[PDB]
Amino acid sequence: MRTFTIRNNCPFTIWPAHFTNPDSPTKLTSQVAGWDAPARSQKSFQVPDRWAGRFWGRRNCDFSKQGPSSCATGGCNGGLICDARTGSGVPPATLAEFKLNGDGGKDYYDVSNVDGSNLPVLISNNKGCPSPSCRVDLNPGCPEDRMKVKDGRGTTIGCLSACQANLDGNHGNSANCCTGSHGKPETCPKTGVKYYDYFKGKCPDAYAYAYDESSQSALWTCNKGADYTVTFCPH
């Protein structure tokens, strides 16, 4: 067992969630896959070796609405508790991804804004291993109206990737999504992904297009049996 701590340092309530990869050898059963996290709170729980999955934070949730529409960002099938099979968060949702006890006996983790961003996130550990983060707020500078997810007051609370905002109007043949004629690394250069420089400039650690993980995953590993903390709105 590892101990994971999910900490909300934001000045507002968020609703964290988790989802387990379909090919994860082990299941996360100590903590249900969604909860209310008041400002300045945490939830800690045990996670088995070899677990692979992701955490994220949802903003502006109202569970009188069913399905992903319950939350303004990161909503999932199941509502408060995200469904085990279909409960991945709808973009934009900054992810803290983990593959424990992977290749070479190492843990692999990362912060991912590939599909967009909604909250600053830090992944820390108790073993001195690399600690990726996106600490700055990407919402105020979200570069185009179609990428903005706004609350009822007009404030940006999420910033979709160019792919998820459908800027090119062609999800099925997109140099932003890396699909169709652009569906492999050789045909989807990062220099062709619209607004990659915005996301990557503000948060170099975070993945920002389909093939960042292929290039950068070796930066974010630990083989020392670490406990992990995911902090939203870190210092």
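Start at 1 with the first residue shown and count on from there.
Next item on the list: Quick one: say whether 167 to 175 or 26 to 34 has the higher mean Cα B-factor in the deposited entry.
Entry: Per the PDB record, 167 to 175.
Check: With respect to the recorded C-alpha B factors, which stretch has the higher mean value, 185 to 193 or 51 to 59?
Finding: Averaging CA B-factors over each stretch, the winner is 185 to 193.
Checklist line | Options 91, 120, 104, 132 - largest CA temperature factor per the record | finding: Top of the list by C-alpha B-factor: 104.
Check: At the C-alpha atoms, which of 114, 157, 136, 142 reaches the highest B-factor in this entry?
Finding: Going by the entry's C-alpha B-factors, 136 comes out highest.
Note to self: Going by the CA temperature factor in the PDB record, which third of the chain does residue 10 belong to: lowest, middle or highest?
What the structure shows: It belongs to the middle third of the chain when residues are ordered by C-alpha B-factor.
Note to self: Sorting by Cα B-factor within the chain, modelled residues only, which third would residue 161 end up in: lowest, middle or highest?
What the structure shows: Tercile = lowest for this residue's CA B-factor.
Notebook entry, point to check: Compared with the other modelled residues in the chain, in which third is the CA B-factor of residue 233?
Noted result: Ranked within chain, residue 233 CA B lands in the middle tercile.
Checklist line | Entry-reported Cα temperature factor of residue 124, expressed as the chain third it lands in | finding: Ranked within chain, residue 124 CA B lands in the lowest tercile.
Margin query: Sorting by Cα B-factor within the chain, modelled residues only, which third would residue 74 end up in: lowest, middle or highest?
Written below: Lowest third.
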